[PDB]
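Bear in mind these aren't lab numbers, they're just calculated from the coordinates by the rules spelled out. Here the Cβ positions follow ideal geometry from the backbone for every residue, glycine too, while neighbour counts run over all protein chains shown.
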Amino acid sequence: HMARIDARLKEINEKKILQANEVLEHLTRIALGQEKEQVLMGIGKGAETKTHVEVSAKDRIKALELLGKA
Amino acid sequence: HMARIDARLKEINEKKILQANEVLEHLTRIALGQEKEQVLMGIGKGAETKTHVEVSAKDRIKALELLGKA
Amino acid sequence: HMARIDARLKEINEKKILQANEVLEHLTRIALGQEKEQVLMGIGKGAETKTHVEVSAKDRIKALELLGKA
Amino acid sequence: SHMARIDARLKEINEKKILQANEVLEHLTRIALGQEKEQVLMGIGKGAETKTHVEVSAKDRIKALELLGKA
Amino acid sequence: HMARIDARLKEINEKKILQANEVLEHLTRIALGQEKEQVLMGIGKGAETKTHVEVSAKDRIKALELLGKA
Amino acid sequence: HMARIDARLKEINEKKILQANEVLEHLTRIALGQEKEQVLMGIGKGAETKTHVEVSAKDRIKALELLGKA
Amino acid sequence: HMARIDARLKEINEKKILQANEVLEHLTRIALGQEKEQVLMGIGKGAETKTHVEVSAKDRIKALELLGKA
Amino acid sequence: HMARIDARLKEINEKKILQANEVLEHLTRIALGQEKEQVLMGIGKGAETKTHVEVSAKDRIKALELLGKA
Amino acid sequence: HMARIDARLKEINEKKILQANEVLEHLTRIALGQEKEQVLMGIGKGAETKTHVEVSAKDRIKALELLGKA
Amino acid sequence: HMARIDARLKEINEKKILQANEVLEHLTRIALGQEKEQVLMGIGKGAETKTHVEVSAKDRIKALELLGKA
């Protein structure tokens, strides 16, 4: 199991650590279909380019499962 | 073991956190075949375009499993 | 584990949440071979089109496993 | 993390069909005995494909057998 | 876990339900290398045909593992 | 877990069921590199033919793991 | 289970060992969409080049899951 | 779990069953990089031939893990 | 579970065995994005060459998970 | 679980069985980036050749995990 760090210590950490409520906010954005991911897309003859697509249903369902357990 | 956050705290959170009942609404839309996902589709010679398809049966069945356990 | 929501609360929810019996009806349709999924099919030279095919045996067997446990 | 169990009397009077335990095992048995088919895409040349039916694979028959062996 | 149904009830069922001994007979045929599966085989230029091949080693070893546990 | 059947009942079964010792004999043949599996091999331009190859190391190691636990 | 080393011993170690709070800072950067990974991208006719793409949604969701458990 | 058969019965079995110590000898040969597996190798234009390659690092590491647990 | 060898015996072993703290140092290098792996990269028409790429995000996240657990 | 064989019996075995300390030495070589594996590399038009590449990061991380648990 992951080491649990006091939420007061996460808050005063100079570099950002997400709190429990912020984890759920980010999972919520994914679950609501508001996020994108960068993937490689073919443009002809083996060549590819970077593009952004909506987060897949399998990843939204994983986010929903985690939200349902929280 | 996701941290469990009080539903009253989710409600007063400035940014949206999905509540338990809203998780089940979203899983229900998926299970009923009402949702789409964005995928890459070939259009010739290796080139692809973004398009929307129905959520696959494997993902609907995962939604149904989660609804059956809730 | 998924939060369990009272079936009375699912019923009065404004937006649809599937009840336990409705989960089993949808799994049953899959298991009986009555459902389809949308997939990409090649039509020549890398081009593809959307089409509907029967739900695969692996997904029917997963539906049957869930019905056997419910 | 277990499926809600519904009384078999309630399944029977449900308006829409819910498979009973014995009917689940009948459908797994058909698969296990090699009597079922699935629809797949088959190449017909140069990237073109067509829909066709093939026998259920051995991996899926073995999964049906495993489930029948546990029931 | 799968519901267990009385073997007397399986026997009187009009449609065939495999009994525990019959499951082990079918696994045994697979394990002994007596079974085939239908697969798609290339015949040139992306065209395919249906053919029968022996059940793979990975599937025989799964059958053997199950027989070893039964 | 798989239902474990009395070795006297396996013996009286009309059709053959592998006994515990016969399972370990077949696993041993695989582990010792004595078995083959049928696979599809390319012969040019997308065409394929059936041929026999030695059982892979991953499958031999699985056989060895099972023998080590028996 | 991984051997647990005293955080005082990690601190005086000559070579860097990440402390608990630093693990969470790195997971947070991933979860917030601030990190990249190096992958191979096609540039034509089977040739490829190295490029940087955003960390995928599946890996962000794993970082979020771990942060939710810490 | 696999049925455990008396090592005296393995020994008097007409056909060979590997004993515990022989399982570890075979795993050891794999771990030490002394074994090969047969694979299909391309020789041009989709044609392939059978050849032998060293057992992969993933399979050696699995052998090492099993030896470490025995 | 892996056989546990006394850390004093690991230290006097003629050939190197990594101690717990050294395992964590190496996981840390990975997690901090300091390591590379050798992969095959296409250079045209099916030919490939060996090159070094950064360790992927999935492997960094595994390192971070292990560090977070101990 | 693998049968546990007395280290005194491994030592007097005529054929080599790796002892616990020798398992850890081999895992250590892998973890330190000192080992190679044989793979197939394309040389043009579908033809391939055998070559040696560094063990991948995923396999190093598995070796490090195992060393961390020993």
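Among the candidates A:30, A:61, which residue alone is more than 9 Å from chain B (Cβ to nearest Cβ), part of a helix (DSSP H, G or I) and more than 16 Å from residue G:23 (Cα to Cα)?
Going through A:30, A:61 in turn, the sole match is A:30.
Six or more apart or on different chains, Cβ under 7 Å: which pairs go from a residue in segment I:36-53 that's within 10 Å of residue G:40 (Cβ to Cβ) to one that's among the basic types (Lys, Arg)? Could you list them?
I:40/I:50; I:53/G:50; I:53/I:36
How many residues does segment C:1-18 hold that are surrounded by 17 or more Cβ atoms within 10 Å (Cβ to Cβ) and out of contact with any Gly (no Cβ under 8 Å at 6 or more places or on another chain)?
Qualifying residue count for the region: 4.
Is it true that residue E:39 is out of contact with any helix residue (DSSP H, G or I) (no Cβ under 9 Å at 6 or more places or on another chain), surrounded by 17 or more Cβ atoms within 10 Å (Cβ to Cβ) and either within 7 Å of another protein chain (Cβ to nearest Cβ) or more than 16 Å from residue E:70 (Cα to Cα) (or both)?
yes
Of the residues I:22, I:37, which is in a strand (DSSP E or B) and among the acidic types (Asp, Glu)?
I:37
Only residues that are of a type in the set (A, V, I, L, M) and within 15 Å of the chain's Cα centre (by Cα): list them for segment H:40-70, please.
Result: H:53, H:55, H:57, H:61, H:63, H:64, H:66, H:67.
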